């Protein structure tokens, strides 16, 4: 199957099951990564290099005023990727326990987190003309094909001039695969690009994550606006 439509047979339960799952996950980095905390630094290093291209090299360079971290969890990415590069950061996540723990986890630099939005991305509207970078990592699998497209379109309206959206997530080898543990889907490259491009966003960059463990799904980063 090549669409959520076919592999997701109950959309209501697709969302409620995932909400239930994350509600009882420990608010820790090992929880944010399903036992793969040992690749967090490898992940962040590649994300930093991927993003520095847009922040440094002009002439339409991306600003450093504010970033949005979507599906931020306890702030693993906000802490080590976004806060060092952006003056202020907003976080949005559906799990209250993760936003509460993020206050402690982020430490003193967490004071530059402006808003802790508690909302599913399918119901969330980022404020217009607010963000230089919108970072969406390991959460697009929790949205249906349609909701993802519509969320990306709402993100487009919240970008400042020269801003970009970044998606970083697992890719399936073929088709759309449902994970019955956490109630998420994994889509192949063709499906993701189609959802992006057919939603009215331009693909600016695309990069496969190297040096990952052999046993895990491939991971891709996309830059779009």
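Only the largest set of C-alpha atoms that superpose within 1.5 Å between the two forms is called the rigid core. Residue numbers count along the first chain shown, from 1.
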{"property": "More variable segment, 170 to 178 or 195 to 203 [Cα RMS over structures in 8 other deposited structures of this protein, core-superposed]", "result": "195 to 203"}
{"property": "Segment of higher mean CA temperature factor, 25 to 33 or 52 to 60", "result": "52 to 60"}
{"property": "Between 202 to 210 and 5 to 13 (mean CA B-factor, as deposited), the higher", "result": "5 to 13"}
{"property": "Top Cα B factor in the deposited entry, candidates 96, 132, 109, 90", "result": "109"}
{"property": "Residue, from 68, 171, 196, 44, that the PDB entry assigns the highest Cα B-factor", "result": "196"}
{"property": "Residue 75 CA temperature factor, ranked by third within the chain", "result": "lowest"}
{"property": "Assigned third (lowest, middle, highest) for the C-alpha B factor of residue 84", "result": "highest"}
{"property": "CA B-factor ranking of residue 178, expressed as a third of its chain", "result": "highest"}
{"property": "CA B-factor ranking of residue 102, expressed as a third of its chain", "result": "lowest"}
{"property": "Modelled-residue ranking by C-alpha temperature factor, third containing residue 126", "result": "middle"}
